[PDB]
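Read-outs throughout are calculated quantities, based only on the coordinates presented, and are distinct from any laboratory measurement. All Cβ positions, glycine included, derive from the backbone under ideal geometry; neighbour counts span all protein chains shown.
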Amino acid sequence: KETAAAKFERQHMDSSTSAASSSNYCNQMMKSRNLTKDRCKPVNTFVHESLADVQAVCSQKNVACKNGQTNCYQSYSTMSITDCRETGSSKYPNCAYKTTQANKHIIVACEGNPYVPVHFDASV
């Protein structure tokens, strides 16, 4: 059954692009990563870095997660991220997203051994 660590990679990693390059990125990626299968996931972030650099955040700065959990970590560095937010025209199964490209610090929740990212908490 898909592990939380593999789910994190499927929902949030895009190491094969340095940034989104068209306003269609989100529409394409959300669908291809199967995030719109049962319903339109309202918001999702993609990280354009190597997985190794993202797993390493689990050893960077410890911060409370937005929900008060103490297993969150904030990247020491800014990262290339694409934010995808549902549009007013989004209608299941035709989920429609606005693509935003930015460079920010990321916040993830880590668990297990090896200790790796399992949830994308926020970009700051």
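Please identify the pairs in which a residue from region 65-93 that is of a type in the set (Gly, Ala, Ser) has its Cβ atom under 6 Å from the Cβ atom of a residue that is in a strand (DSSP E or B), counting only partners at least 6 apart or on another chain.
Between residues of region 65-93 that are of a type in the set (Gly, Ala, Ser) and residues that are in a strand (DSSP E or B), the close pairs are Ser75/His105; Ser75/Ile106; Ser80/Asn103.
Which residues, taken from region 48-64, are in contact (Cβ under 8 Å) with a residue 24 or more places away in the chain and among the charged types (D, E, K, R)?
If the condition is that a residue be in contact (Cβ under 8 Å) with a residue 24 or more places away in the chain and among the charged types (D, E, K, R), then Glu49, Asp53 are the ones that fit.
What is the one condition in (1) in contact (Cβ under 8 Å) with a residue 40 or more places away in the chain; (2) under 20 Å from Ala109 (Cα atoms); (3) among the small types (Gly, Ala, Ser) that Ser18 does not satisfy?
Status for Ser18: all satisfied but (2).
Just one of (1) touching a residue at least 40 places away in the same chain (Cβ under 8 Å); (2) loosely packed, with under 15 Cβ neighbours inside 10 Å; (3) more than 22 Å from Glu111 (Cα to Cα) trips up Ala4, so point out which.
Among (1) touching a residue at least 40 places away in the same chain (Cβ under 8 Å); (2) loosely packed, with under 15 Cβ neighbours inside 10 Å; (3) more than 22 Å from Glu111 (Cα to Cα), the lone unmet condition for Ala4 is (3).
Filtering region 29-62 down to residues that are out of contact with any strand residue (DSSP E or B) (no Cβ under 8 Å at 6 or more places or on another chain) and hydroxyl-bearing (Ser, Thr, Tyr), which residue is farthest from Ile81 (Cα to Cα)?
The extreme case among them is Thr36.
Does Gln11 satisfy the condition of being of a type in the set (S, T, N, Q) and without any contact (Cβ under 8 Å) to a residue 60 or more places away in the chain?
Values: of a type in the set (S, T, N, Q): yes; without any contact (Cβ under 8 Å) to a residue 60 or more places away in the chain: no.
So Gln11 fails the test.
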